[PDB]
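You are given structure tokens for the same protein chain in two forms, set apart as structure 1 and structure 2.
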Structure 1
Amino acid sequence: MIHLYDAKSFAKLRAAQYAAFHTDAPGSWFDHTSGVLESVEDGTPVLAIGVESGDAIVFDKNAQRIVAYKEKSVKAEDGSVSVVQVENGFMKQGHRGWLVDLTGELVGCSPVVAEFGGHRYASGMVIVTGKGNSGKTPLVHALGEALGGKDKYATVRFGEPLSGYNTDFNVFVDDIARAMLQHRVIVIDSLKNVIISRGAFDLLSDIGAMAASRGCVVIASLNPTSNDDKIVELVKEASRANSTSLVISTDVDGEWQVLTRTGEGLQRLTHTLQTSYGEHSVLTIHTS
């Protein structure tokens, strides 16, 4: 919705956004929105995501696709009316993104998803990219495990010439929808065949906000298919713009730089990761 502010309510918002990253218990926002989703009436659409054509598919709170849903309207505090209809497996009335309100007045946050090695990490979309042919896949998995902490992370596989990899964009969006509905830490390998269809452009435009709203983290690899030239800089720019955090390779073997947007209008933080390989190319992120 739209929100109205004066100096006082704006200062309160910024303090709450700051708290959502710096002082809330890690993963608290994810559990909060899990509760919101569990409260949703049975059969109710909760999430719509674009398929390759630019039509949207719609899911309920248990990550089941909805194929038929009679028109239903809802009136927000704003005065804005949301209408949702599903017919023949596709959204006929509605919008892409969350179809129920997960955030309320608390918008523009990068809710803390996990804390690891003395650093807090934001929910939202994390693009792992930069110069190089190689090394992003082990990093996304190492980050997945580390941010998962006590919990397993979910892996979405797409568009690589390896066994068992889905290459159909419409199964990809089904996987991502389910992942965000059910898991706090999600890895996508990779965004190669994403980066262009209407659905693919919808995904890059939508996924960060969807994830940040849920309080889950989506950790996605992106190789520059192009040279190690300076189309690299173009890829970093596009990635930075459409992600909540950016992780980029560096000059130095095994080192990565993490750039975090801590919230709307808030400080952007940077820190470095040092990593090393063990057996079978399993990567460890050093902390101590």
Structure 2
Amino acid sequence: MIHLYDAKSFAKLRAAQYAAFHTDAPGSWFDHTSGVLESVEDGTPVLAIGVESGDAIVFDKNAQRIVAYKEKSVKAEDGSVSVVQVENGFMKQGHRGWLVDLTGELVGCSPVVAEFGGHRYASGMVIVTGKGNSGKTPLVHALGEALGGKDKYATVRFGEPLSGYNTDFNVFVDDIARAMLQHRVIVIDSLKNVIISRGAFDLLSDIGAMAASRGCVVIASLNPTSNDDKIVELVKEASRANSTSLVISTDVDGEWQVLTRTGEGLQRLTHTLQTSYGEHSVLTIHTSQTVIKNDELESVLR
């Protein structure tokens, strides 16, 4: 919805946003939103996500598709009315994104998803990219396990020439929807085939917001290597603009730079990861805050 501020209420929002990353218990926002989701009336539509066509499919709290649902309208504080209607397996009225209110007045946060190696990590979309020798897929899995902590991470596999990989975009959207409804830490391997359709353009623009609203993290690899003067800027956009956090390989083998948006209008933070390989290419992130500026951010985006 729209929100109204004065100096005092604005200062209160920024303190709340700052807390949401810096001092909240890691993973507490996710537990909170899981509570909101479980308390919705049994058959309420909770999430809509674009399929390849630009149509939207709709899910309930248990990540089952809604196929038919008769018009229902809800009135917000700002006077806005939201109306949801599903017909023949597709949204007739509504919008893409969360169909129930997960946030209230607390918007523009990067809720802390996990702490690891003495650093807090933000929920939302994490793009793992870069150029050079360091392998993206082993890193996404290392980070999934590490931010998972005591919990298992969910793996969505898409668009690679390997066994059991789904290559149909509509199944991909179904996987991702289910992952965000049911798990705090999610890995996507890979965004290669997404980076095209209206659905594909909807996902890139939606997923960070959906994830941050939930308090889950989606850790996605993206090889920028299609080296054409159109796709290569869909990649740099994706990474600059469409991500909550960026994990970029460096000059040095096994070393990665993590750049984090900590919230709306807040400082972007940075830290480095050192990594090494064990048996069967299982990567370990070694374990035992620094602000980055828009000059140094565009510098790393190179």
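All residue numbers here refer to structure 1's sequence, counted from 1. Residues that one form lacks are left out of the comparison. Here the rigid core means the biggest group of C-alpha atoms that line up within 1.5 Å when the two forms are laid on top of each other.
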property: Only residue that shifts (Cα, 2 Å or more, rigid core superposed) between the two structures, among 36, 235, 57, 46; result: 235
property: Threshold 2 Å Cα movement between the two structures for residue 226, core superposed; result: yes
property: Rigid-core frame, C-alpha of residue 132, shift of 2 angstroms or more between the two structures; result: yes
property: Displacement runs between the two structures, C-alpha, 2 Å or more, three or more consecutive residues, core aligned; result: 132 to 134, 225 to 238
